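Structure record follows, encoded as structure tokens.
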Amino acid sequence: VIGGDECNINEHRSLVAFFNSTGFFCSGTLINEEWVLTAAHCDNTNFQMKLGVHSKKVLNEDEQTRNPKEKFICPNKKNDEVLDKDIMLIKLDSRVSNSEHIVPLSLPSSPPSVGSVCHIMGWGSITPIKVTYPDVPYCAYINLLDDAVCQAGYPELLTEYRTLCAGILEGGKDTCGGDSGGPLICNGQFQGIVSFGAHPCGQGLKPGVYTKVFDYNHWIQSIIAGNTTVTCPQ
Ligand SMILES: [Ca+2]
Ligand SMILES: [Ca+2]
Numbered sequence: 016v017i018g019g020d021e022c023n024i025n026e027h028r029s030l031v032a033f034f035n036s037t038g039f040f041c042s043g044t045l046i047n048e049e050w051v052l053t054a055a056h057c058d059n060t061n062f063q064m065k066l067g068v069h070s071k072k073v074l075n076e077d078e079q080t081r082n083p084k085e086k087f088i089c090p091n092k093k094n095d096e097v098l099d100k101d102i103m104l105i106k107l108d109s110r111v112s113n114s115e116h117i118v119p120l121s122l123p124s125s126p127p128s129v130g131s132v133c134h135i136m137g138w139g140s141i142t143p144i145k146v147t148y149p150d151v152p153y154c155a156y157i158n159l160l161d162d163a164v165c166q167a168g169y170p171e172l173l174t175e176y177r178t179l180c181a182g183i184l185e186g187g188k189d190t191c192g193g194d195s196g197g198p199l200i201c202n203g204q205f206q207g208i209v210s211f212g213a214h215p216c217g218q219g220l221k222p223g224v225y226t227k228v229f230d231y232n233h234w235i236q237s238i239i240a241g242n243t244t245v246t247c248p249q
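Next comes the structure, spelled out in structure tokens:
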């Protein structure tokens, strides 16, 4: 995250870190005691998830590590198109208990309105050009923008993709390398997943592109209920 500041230890309770032997590579959002939502492009081999993490160097005495027991992507997702249905649901191998560091964030009841203030967070780069990974997650507030802004900035962005456009029109505050899969929280509601953006980070007229969580509510709910053959909206 660029143009932000360190998150308070109490500010990111639903934030999950994805890691392998090299280190953190993605984020996710805890949506239930045993389910995590992230971007499909965060899929990897030989990885685990850390919950209740603040500092990478100084452990919280009660931070939790979990394995991906089951992974679900849209059955009607097109491979070779990274922006098509960039969403993945993961079942944890065991439940996590609630604490001041770990609490689930619920699925949204309605889509967000243009102009709403949204919260972004992650352990991604805090400098726009050089890669500078922070020890603690960084947090920033941005605006939900009209889809036309992202259309004007990204020639490859199809209107068919179910996305949200968020940032600062003129630039300056943005997600950055390593923030993939994290939450976009607008007016306290979980609305987006960090999916796509530009480098250098925070350029004017090149806002962040986020997976629109609301559209996938029925698919997510169906899988949690037990219907593993559930389809995503076209
Ligand atoms: Ca504590
Ligand atoms: Ca519904």
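Counting from 1 along the sequence shown, just add 15 to a position and that's the residue number in the authors' numbering. Even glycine gets a Cβ: it sits at the ideal position worked out from N, Cα and C.
Residue i and residue j look like a contact to me (Cβ under 8 Å); what is the Cβ gap, rounded to whole Å?
{"i": "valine 132", "j": "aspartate 161", "result": "With 8 Å as the limit, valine 132 and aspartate 161 do not qualify as a contact, their Cβ atoms being about 15 Å apart."}
{"i": "residue 252", "j": "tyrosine 153", "result": "Because residue 252 is not part of the residues shown, which for the chain are 16 to 249, the question remains open."}
{"i": "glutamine 63", "j": "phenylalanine 34", "result": "6 Å"}
{"i": "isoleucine 208", "j": "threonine 190", "result": "Between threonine 190 and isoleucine 208 the Cβ distance is about 11 Å, and since that is not below 8 Å, they are no contact."}
Grouping DSSP H, G and I as helix and E and B as strand, with all else coil, what is residue i?
{"i": "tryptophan 138", "result": "coil"}
{"i": "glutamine 218", "result": "coil"}
{"i": "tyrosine 169", "result": "coil"}
{"i": "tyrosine 156", "result": "strand"}
{"i": "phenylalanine 229", "result": "helix"}
{"i": "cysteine 247", "result": "coil"}
{"i": "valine 224", "result": "strand"}
{"i": "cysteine 57", "result": "helix"}
{"i": "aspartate 162", "result": "helix"}
{"i": "residue 279", "result": "This structure leaves residue 279 out entirely; the chain is present only between 16 and 249."}
{"i": "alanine 213", "result": "coil"}
{"i": "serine 237", "result": "helix"}
{"i": "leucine 52", "result": "strand"}
{"i": "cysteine 22", "result": "coil"}
{"i": "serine 42", "result": "strand"}
{"i": "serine 70", "result": "coil"}
{"i": "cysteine 133", "result": "strand"}
{"i": "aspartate 150", "result": "coil"}
{"i": "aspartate 189", "result": "strand"}
{"i": "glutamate 96", "result": "coil"}
{"i": "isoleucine 17", "result": "strand"}
Starting from the C-beta of residue i, find all residues in its chain whose C-beta is less than 8 Å away, skip the five residues before and the five after it, and write them out in chain order.
{"i": "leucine 98", "result": "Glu171, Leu172, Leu173, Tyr176, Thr178, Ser210, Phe211 and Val224"}
For residue i, which residues in the same chain have their Cβ closer than 6 Å to its Cβ, ignoring the five residues on either side in sequence?
{"i": "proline 198", "result": "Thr44 and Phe205"}
{"i": "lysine 93", "result": "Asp99"}
{"i": "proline 248", "result": "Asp230"}
{"i": "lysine 221", "result": "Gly168 and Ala213"}
{"i": "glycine 187", "result": "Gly18 and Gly217"}
{"i": "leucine 66", "result": "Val31, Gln79, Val111 and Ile117"}
{"i": "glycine 219", "result": "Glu185 and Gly186"}
{"i": "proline 143", "result": "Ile17, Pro215, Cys216 and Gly217"}
How far does the beta strand (DSSP E) with residue i in it reach, from first residue to last?
{"i": "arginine 81", "result": "79 to 81"}
{"i": "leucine 104", "result": "103 to 107"}
{"i": "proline 198", "result": "198 to 201"}
{"i": "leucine 179", "result": "178 to 182"}
Going by beta carbon distance, what residues of the same chain come within less than 7 Å of residue i, once the five residues before and after it are set aside?
{"i": "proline 123", "result": "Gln204, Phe205, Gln206, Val228 and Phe229"}
{"i": "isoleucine 157", "result": "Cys133, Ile135, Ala181, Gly182, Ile183 and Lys188"}
{"i": "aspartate 77", "result": "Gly67, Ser114 and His116"}
{"i": "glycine 139", "result": "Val16, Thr190, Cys191, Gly192, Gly193 and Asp194"}
Check each residue's C-beta against every heavy atom of ligand 2 and list, in chain order, those closer than 6 Å.
-> Every residue passing the under-6 Å Cβ criterion appears here: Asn232 and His233.
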